[PDB]
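# Analysis of the macromolecular model
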Amino acid sequence: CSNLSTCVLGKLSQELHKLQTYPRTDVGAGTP
Ligand SMILES: *[C@@H]1O[C@H](CO)[C@@H](O)[C@H](O)[C@H]1NC(C)=O
């Protein structure tokens, strides 16, 4: 980082895309 603004926004946005509340399985069973 260097901006300390676009840093923050970009980091948390990228994190939310990556993790996204861990979409492992979503149908009924919900297997790991
Ligand atoms: C600004 O923010 C982005 C996104 O988080 C980051 O990748 C980058 O290293 C930061 N600094 C610059 C100079 O772009």
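All residue numbers start from 1 on each chain and follow the order of its written sequence rather than the entry's numbering, and residues without coordinates are excluded. Only hydrogens and water are set aside; all other atoms, that is, all heavy atoms of the structure, feed into the side-chain values.

Regarding how it was determined, this PDB entry cites solution NMR in its header.

Here the entry title, as the record gives it, is "GLYCOSYLATED EEL CALCITONIN". You can read under Subcellular location in the UniProt record for the chain the words "Secreted". Note on the chain: under the UniProt heading Sequence similarities, the record states "Belongs to the calcitonin family." UniProt positions are given in the numbering used here, feature names are shortened, and annotations may be inferred rather than shown by experiment.

### Digging into the site of the ligand
Near the ligand, the surroundings consist of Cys-1, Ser-2, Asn-3, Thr-6, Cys-7, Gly-10 and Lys-11. A distance of 2.3 Å is found between an oxygen atom of the ligand and a side-chain nitrogen or oxygen belonging to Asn-3. N or O atoms within 3.5 Å of each other form a polar contact, as long as, within protein, one can give a hydrogen and the other can take it, and as long as residues adjacent in sequence are counted only when both atoms are side-chain atoms. The backbone of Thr-6 places a nitrogen or oxygen atom 3.3 Å from an oxygen atom of the ligand. Relative to its unbound accessible surface of 360 Å², the ligand loses 48% to contact with the protein. Any residue with at least one heavy atom within 4 Å of a molecule or strand is counted as near it. Here the accessible surface of atoms and residues is derived via Shrake-Rupley with a 1.4 Å probe, and residues count as covered only by protein chains that are part of the display.

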